[PDB]
Amino acid sequence: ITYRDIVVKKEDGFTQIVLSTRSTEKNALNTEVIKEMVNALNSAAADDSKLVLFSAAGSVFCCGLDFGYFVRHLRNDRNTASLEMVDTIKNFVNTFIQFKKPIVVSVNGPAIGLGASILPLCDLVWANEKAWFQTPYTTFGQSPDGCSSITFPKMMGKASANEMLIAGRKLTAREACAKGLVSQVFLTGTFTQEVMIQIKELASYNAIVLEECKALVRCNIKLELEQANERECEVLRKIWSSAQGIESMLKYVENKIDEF
Amino acid sequence: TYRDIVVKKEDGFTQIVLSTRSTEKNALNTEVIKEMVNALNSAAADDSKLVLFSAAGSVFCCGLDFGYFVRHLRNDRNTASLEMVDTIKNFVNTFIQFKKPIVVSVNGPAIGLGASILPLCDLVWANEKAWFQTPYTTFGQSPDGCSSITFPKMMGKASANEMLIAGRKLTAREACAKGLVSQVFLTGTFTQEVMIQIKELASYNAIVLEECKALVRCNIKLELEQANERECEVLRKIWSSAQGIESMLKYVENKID
Amino acid sequence: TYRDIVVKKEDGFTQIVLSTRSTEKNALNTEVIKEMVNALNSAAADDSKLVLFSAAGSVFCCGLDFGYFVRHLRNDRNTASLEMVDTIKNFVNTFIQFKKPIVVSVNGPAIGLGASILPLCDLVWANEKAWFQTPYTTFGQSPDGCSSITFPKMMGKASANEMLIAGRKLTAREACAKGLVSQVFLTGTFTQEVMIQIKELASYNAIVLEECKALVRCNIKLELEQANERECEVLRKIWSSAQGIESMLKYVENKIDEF
Amino acid sequence: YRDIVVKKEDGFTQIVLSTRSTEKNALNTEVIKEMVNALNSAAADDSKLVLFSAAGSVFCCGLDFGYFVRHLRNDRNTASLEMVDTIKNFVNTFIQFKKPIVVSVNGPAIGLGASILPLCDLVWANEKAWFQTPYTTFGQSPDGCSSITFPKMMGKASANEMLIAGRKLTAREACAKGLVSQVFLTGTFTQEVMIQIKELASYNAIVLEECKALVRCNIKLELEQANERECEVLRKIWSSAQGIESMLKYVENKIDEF
Amino acid sequence: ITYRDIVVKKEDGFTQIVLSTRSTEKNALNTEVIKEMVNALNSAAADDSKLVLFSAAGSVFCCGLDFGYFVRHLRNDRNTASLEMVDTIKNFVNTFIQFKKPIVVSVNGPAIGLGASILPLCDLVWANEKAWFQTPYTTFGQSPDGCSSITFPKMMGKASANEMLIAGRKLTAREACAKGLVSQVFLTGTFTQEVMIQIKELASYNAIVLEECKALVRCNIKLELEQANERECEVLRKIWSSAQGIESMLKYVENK
Amino acid sequence: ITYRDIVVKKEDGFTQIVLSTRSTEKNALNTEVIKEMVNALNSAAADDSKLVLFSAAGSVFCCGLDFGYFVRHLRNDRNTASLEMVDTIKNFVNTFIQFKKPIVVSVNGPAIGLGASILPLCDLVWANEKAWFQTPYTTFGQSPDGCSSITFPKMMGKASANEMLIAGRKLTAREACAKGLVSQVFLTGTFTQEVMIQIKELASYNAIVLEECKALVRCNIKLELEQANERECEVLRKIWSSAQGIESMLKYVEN
């Protein structure tokens, strides 16, 4: 397949999946982009690669959900649109939870909201030093997504995780790395060649050793991730179908656009 | 009316301030614990969105008042160690069961039970001059406040044992890096800043705040409960023994602080 | 007397010092493992309040002696990998089951099994010059020592995989920031600070120390047991396979020690 | 409430399934949300326990497939999402319920009407009632956590005779298999149930609730996990062409044995 | 070692522990009786037996906790006494949980309360047809003990378990056998000789095989039992340290 | 698709595997018969049947492991042979654990040791009324196999499980049905007739539905079964490579 909003590049030993949106700005996630992503992942699961590189094109890595888009739909019909909304997010998150091959994610810029919370679901997080990370859930008017309700407290402690989850604090690549969110930081000048050279190193390893490393790590966390996803989504379906949650989303979008 | 605490009902939040009169340095006796639990029970049932837990004086909380407790253990070992353990369990569980977010503001040193309760709260705000220690092996006790699981969870077992076994102190900056503290505040503007930040938190959607806490507390709650009971059972055993009382007396007669 | 370790029964603590003769740079063969288990079983029964696990020489423990195990696998794959995997499993379980606190002293590189057993101990005291690696992808192996769960628990999944999959080395200070090491020492005063702090710990209440260990280890023990079993099950599969034998044969032959 | 009758009494609240928007106490969306509402009220009131019973000749024939297949056939995607959401939340209300629930079974319990019974605490059945979970006849995988609760009370082989083979159990054989906990004679079923409920309502409220809590304790998470997995599967079956097809076949062909 | 409330017999291949109380009626359990049992259980763990036979003398196998005894102590100081009471129960129950050899329990009279809830902790339950079984906790005014909050639902399903735990119903030996509580029912006439024949048969088996069958079975459920015992005792302590809980026990003992 | 010891029938909606040994007595299991079953199951898994029917030919179902076969091997080389034996049992048992389609088992006569202990790993168990069941591990001189150390207590309680596991108890088809080991009992005259009617009934059901019921029911117990299989095999390895274990089997075979 060729995609509207993503580019896929099949190499020997690895498959590249590049978020490069056209129907949204700065790699925002709407329904269509998400189904393309899940589609590219499913295919990458089945091809002859040993691992996947998840990267993004342009300025930001992923700004998360496109609330400007979703708020129109929930305003039009909140009970249908939040069912669909929440079902596509859950499916998205589970695609990461279920993925058998290692996923290296390569972060070129800002990762926000759902663009940030999916990161812990991959196997290696490689950040450009100029990227920063935020899950401003309380600004959005939603509770956590992407299993960040367990993965953040697990990697940074509950207090530190709540600084992101409740207080909506941003983290530089180096702060995210210290808190476990990011596993390696790269100098900006040579980011993509350095990522390219390290990815090819990983692709030269035994495929079975790679799958087994990931399988063994994934054993005693997978059911926790499944449940967090299920629990988060249930909560989001009741918030996004509520009068306050819609209003909150509206309020957020009107403010976001109101700047010079 | 409260002898050892102050309760301030503010817009969207309730402030409980530790300010002891029956103890020095905000130390915890059974009486002080009782007040805090009741204050917390009241705050949970009121129309605030969250609780700010802070303290007054040079110290945040130096933990259990062992000078007070050792006297009671020497009177009646079995009664006093049991009441002591039962009141701690209840104290700890109140934090574990609490549905509203609790922000804790630490303006000075937090020692022993004063530091182990902090992981049970939602955010930990610390003055840069605050420091942290759980010198259980100096006291002559095993962990309290669930710290036997919470410390290993935030910092890994080794770093956690540096505190639990080796009795190491952490600066607010070191604690922040180790996950005990979530934000360090500058000394000059400490109280005004904490108040600005709590008010902004109290401006957030109440349901979003509770759901968020509910989703986080969710896969840890039973472990916390199990750990609280296990911790308290070991403490009752230690504090009812001659060896345990001897340790407490050693600490009270030898301590310099 | 042991041919690969020195045991110093001391006042309130027992020292187990890895100092192999049958292997180079404190590598682990079947004999070395067996002695360690012996010493740890004896130390579990003495009236020491705690164990200090140290080493002698320039390296702490470079992990599995692959030059030793490779011909042993090349001979009798099925039984030999069972032996090999069972002796590791037992070595690892001994740490998991140990009731007394273990303080480990690291005065050089800990590589592979030499590094993955550290999270099973209680305090990790490292010379600033010590470094840490689990280069599993280079060995041709899946994780061992329960590192499949312990590493992601202390440092998070992604940071753990930098070690487990990407084969990265950590300095003492970096290992400390990531949970693996609990105290870094200056090289000049390392062994003397370690001795004075061990004796301070040996002066604490024996019951209190045993109870701190029990409560901390409590909600993680079955996870460790299950992860050990699961990892050994996979290692039997890999080391008894054509490609896993070759990977080991390739490593011990191509390897040029950076320690 | 259109479809249920609540009867608070001394020490216990009775909730009677008595549908008028459906036949034979079938569960449609309306009926389910009334039941959840009534259960939530019962949780908040001063009763020590709940009696869940039914009016008419059938206890509950489960999902009203005639009602649901109309919705599924319009919009597979949205209707299967809504449908699974309402069942999950129904089932979850039983899972989370803190007071003992005694269920009084007066007639056939079928499909979801039998799969909820193990989520209650005592099951008292008329000797003339029978039990069936004909999932393979409907064309669905199990619901109500019966994928784990049936194997747990009677072993997997016997559970699959219900779940796969579609076999009926009399009240007596359901009793031997642990699904029913007491069988009563038919003539004065309601009189005898009522005296035993009054006996149970004489017990300490805290003791009753601690007994519930200590049992539900061991199994609550497994129940939530089974509910979750089943609903995931049903979302896939009911939004598929095979699934809709199976449900229409069922609705159109052969009518009721209750 | 001599005991006042139990008789221990070291036979060839098995040890027989007989509950035969002198300080209680109907083989009721008070602190000292429980202590003597834990002691004889530890001794039998250590001896050369392949397995233990657990039985009782008299018309009643075991009527459970001696509430007359305990209520006196709880009256004095409920706080302190409920802990002591709950800790000796926990330890008793844990002694069965951790026991590594097979225990065969032989029941020739009513087993009531704690007297019945320990049976699922044993390995084989052999009962006279005239034996019956009851856990009338709601009559006592307590929540479950002996791990019965998980052992009864796991053997009979939750609804059937609650007919015992909540409704306090009695099961005949036959009914308890159909429910998995009893594993073999014997006709009354030659009950003890029949039991003795069968225990010697079991003792003929390889000791390691016997210990290994037990360890592999117990392995899957050991934590759950320990946690059940933990929760149950925590709840019993808060019931027996309350006004309501002492009232319940007072009423029960007075009515008697 | 050719087998010495089993007849496979790729039928309409279902595949029937018939145990009919020649290399052993009474459908007994040795390395080769076990390896044939595994291959035949793996093939059934891959074909377009919606379910598997596991039957046996003649008057006995399966008397379990052939100890006359195995004990010569153990005596010859206890370490190698006890490991080989334990590895093939593990893979056989795991084949049942991991199986995605329902398996109906048709039990025509006695099921003994591993012949009875695999029964709980299947989904439906239909027994001729004259069929009986035993797992006499304490007579063989071994610990449990087939996951029966967890599956027996989960279906019947721990006490009734040890009647079988420790006490050598034999269940009639009726008692086994009452204990949850058998799901249906069929009167003698009409066993094979009825089994065939009923399996055709089930093969008329939706394939995905059948596979989903199996996946949902297995879900909850999968890891426990795997851990029990691993655990049992470890202990058996120990017993079968010990003098007392070899002594036990030898005695059993001589008697």
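Looking at the method and resolution fields of the entry, one finds X-ray crystallography and 2.20 Å.

Looking at the PDB entry, chain D carries the name Testis-specific chromodomain protein Y 2, with the source organism given as Homo sapiens. For this structure, the PDB header gives the title as "Catalytic domain of CDY".

Taking the PDB entry as the reference, chain B is identified by name as Testis-specific chromodomain protein Y 2 belonging to Homo sapiens.

**Observations regarding the overall build of chain B**
Within chain B, the regular secondary structure consists of twelve helices and nine strands. Taking 2.2 N^0.38 as the reference for a compact globule, 257 residues should give roughly 18 Å; the C-alpha atoms of chain B span a radius of gyration of 17 Å, in line with that estimate.

**Description of unusual backbone geometry**
All names here are of chain B. Notably, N26 is not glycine yet its phi reads approximately 55°, a positive angle. Mapped onto the secondary structure, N26 falls in the loop between β2 (13-18) and α1 (30-45). With phi around 70°, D257 is a residue other than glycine that occupies positive phi space. Within the secondary structure, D257 is located in the segment after α12 (242-254).

**Examining the domain arrangement of chain D**
Residue and element names in this part refer to chain D. Under the domain assignment used here, chain D contains domain 1 (1-201) and domain 2 (202-258). Here the C-alpha centroids of domain 1 and domain 2 sit 9 Å apart. Counting residues at the interface gives 54 residues for domain 1, matched by 35 residues for domain 2. Between domain 1 and domain 2 the total buried area reaches about 3,900 Å² when both faces are included, carbon and sulfur atoms providing 64% of it. Where domain 1 touches domain 2, the interface holds five salt bridges. A salt bridge links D256 to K24; its shortest N-O distance comes to 3.3 Å. In this assembly, domain 1 and domain 2 are joined by 22 residue pairs in polar contact. Those elements giving two or more residues to the side of domain 1 that touches domain 2 turn out to be α2 (65-74), α3 (76-96), β7 (130-132), α5 (135-138), α6 (146-154) and α9 (189-200).

**Notes on the domain arrangement of chain B**
Residues and elements named next belong to chain B. Each assigned domain of chain B is listed here: domain 1 (1-202) and domain 2 (203-257). Domain 1 and domain 2 are separated by 10 Å when their C-alpha centres are compared. Contact residues are listed per partner, giving 45 residues for domain 1 and 30 residues for domain 2. Buried surface at the junction of domain 1 and domain 2, summed over both partners, amounts to about 3,500 Å²; 64% is from carbon and sulfur atoms.

**Observations concerning the interface of chain B and chain C**
The interface of chain B with chain C comprises 30 residues on the first partner and 28 residues on the second. Both sides of the chain B and chain C interface together cover about 2,300 Å² of buried area, and 61% of this is carbon and sulfur. For chain B, the biggest contributors to the area lost against chain C are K157, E162 and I165 of chain B; these three give 25% of the whole. At the boundary of chain B and chain C, one finds one salt bridge.

**Some points on the nonpolar core**
Residues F52, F94, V105, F131 and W238 of chain D together with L202 of chain F are the most contacted members of the largest nonpolar core, which totals 97 residues. With residues near it in sequence (within four places) discarded, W238 of chain D still touches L63, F65, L72, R76, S80, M83, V84, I87, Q140, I244 and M247 of chain D. Formed by 95 residues, the second largest nonpolar core is a distinct cluster that contains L119, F152 and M155 of chain A together with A202 of chain B.

**So, the interface of chain D and chain F**
In this assembly, 29 residues from chain D lie in contact with 30 residues from chain F. The largest contributions to the chain D side of the interface with chain F come from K156, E161 and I164 of chain D, which together make up 25% of the buried area. There are one salt bridge connecting chain D and chain F. Across the pair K156 of chain D and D123 of chain F runs a salt bridge whose closest N-O atoms are separated by 4.0 Å. The interface formed by chain D and chain F holds eight residue pairs in polar contact in total. Elements that contribute at least two residues to the side of chain D that touches chain F include exactly α5, α6, α7 (156-163) and α10 (205-238) of chain D. By residue class, the composition of the side of chain D that touches chain F is ten nonpolar, ten polar and nine charged.

**Details of helix α9 (residues 206-218) of chain C**
Here α9 of chain C is 13 residues long and its end C-alpha atoms lie 18 Å apart, about the 18 Å a rise of 1.5 Å per residue gives. Every buried residue of α9 of chain C is listed here: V208, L209, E211, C212, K213, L215, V216 and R217 of chain C.

**Remarks on the side chain of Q227 of chain A**
Tracing the backbone through its elements, the reader meets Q227 of chain A in helix α10 (residues 207-240). Using a relative accessible area of 11% as the deciding quantity, one classes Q227 of chain A as buried. Within the structure, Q227 of chain A has its side chain in polar contact with the side chain of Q225 of chain D (distance 3.3 Å). Excluding residues within four positions of it along the chain, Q227 of chain A makes contact with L221 and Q225 of chain D.

**Observations concerning empty space enclosed by the protein**
Taken as a whole, the largest cavity encloses approximately 90 Å³ of empty space. In this structure, the largest cavity is lined by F96, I97, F99, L121, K214, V217, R218, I221, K222 and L225 of chain A together with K157 of chain C. Residue assignment for the lining of the largest cavity shows that the elements contributing at least two residues are α3 (78-98) and α10 of chain A. In terms of residues, the lining of the largest cavity owes the most to one element, α10 of chain A, which gives six residues.

**Observations concerning α10 of chain D**
All names here are of chain D. Between its first and last C-alpha, α10 extends only 42 Å over 34 residues, short of the 50 Å set by a 1.5 Å rise per residue. The sharpest bend along α10 comes to roughly 50°, located at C217. Burial of α10 is extensive: 24 of the 34 residues sit out of reach of the surface.

**Considerations on the side chain of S116 of chain B**
Residue and element names in this part refer to chain B. Position of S116 among the secondary structure elements: in helix α4 (residues 113-116). Here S116 falls in the buried class, since its relative accessible area comes to 0%. Polar contacts involving the side chain of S116 include one to the side chain of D144, which spans 2.8 Å. In this view, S116 contacts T134, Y136, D144, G145, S147 and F151; residues no more than four positions away in its chain are not counted.

**Details of the sheet that holds strand β4 (residues 102-106) of chain B**
Residue and element names in this part refer to chain B. Ordered in space as β1-β2-β3-β4-β6-β9, the six strands form an open sheet in which the pairing is mixed. At either margin of the open sheet sits one strand with a lone partner, and together these are β1 (5-10) and β9 (183-185). For this sheet, the mean inter-axis angle between neighbouring strands, taken without regard to orientation, is 20°. Packed on one face of the sheet, α1 meets β1, β2, β3 (50-55) and β4 and runs near 175° to β2.

Definitions and limits used
Residues numbered from 1 in each chain as written, not as in the entry; some residues may be left out. Chains lettered and ligands numbered in written order. Heavy atoms only, no water. Residues with missing side-chain atoms left out of burial classes, pairs and counts. Helix = DSSP H or I, 4+ residues; strand = E, 2+ residues; numbered from the N terminus. Rg over C-alpha atoms; globule rule 2.2 N^0.38 Å. Domains from an automatic or database assignment. Contact = heavy atoms within 4.5 Å. Buried area = accessible area lost by both parts, 1.4 Å probe. Salt bridge = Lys/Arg side-chain N within 4 Å of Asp/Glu carboxyl O. Polar contact = N/O pair within 3.5 Å; in protein donor to acceptor, adjacent residues only side chain to side chain. Core = buried A, V, L, I, M, F, W, Y, C linked by side-chain atoms within 4.5 Å. Buried < 20%, exposed > 50% of the residue type's maximum accessible area, 1.4 Å probe, protein only. Nonpolar A, V, L, I, M, F, W, Y, C, P; charged D, E, K, R; others polar. Expected span 1.5 Å × (residues − 1). 1 Å grid on protein atoms, 1.4 Å probe; cavity = no way out; pocket = protein on both sides within 12 Å on 5 of 7 lines; lining within 4 Å. Points joined across faces, edges and corners; volume = space filled by probe spheres on them. Bend = angle between axes of the 7 residues up to and from the residue. Pairing = 2+ DSSP bridges. Axes fitted to C-alpha atoms, helices over the stretch in contact; angles between N-to-C directions.

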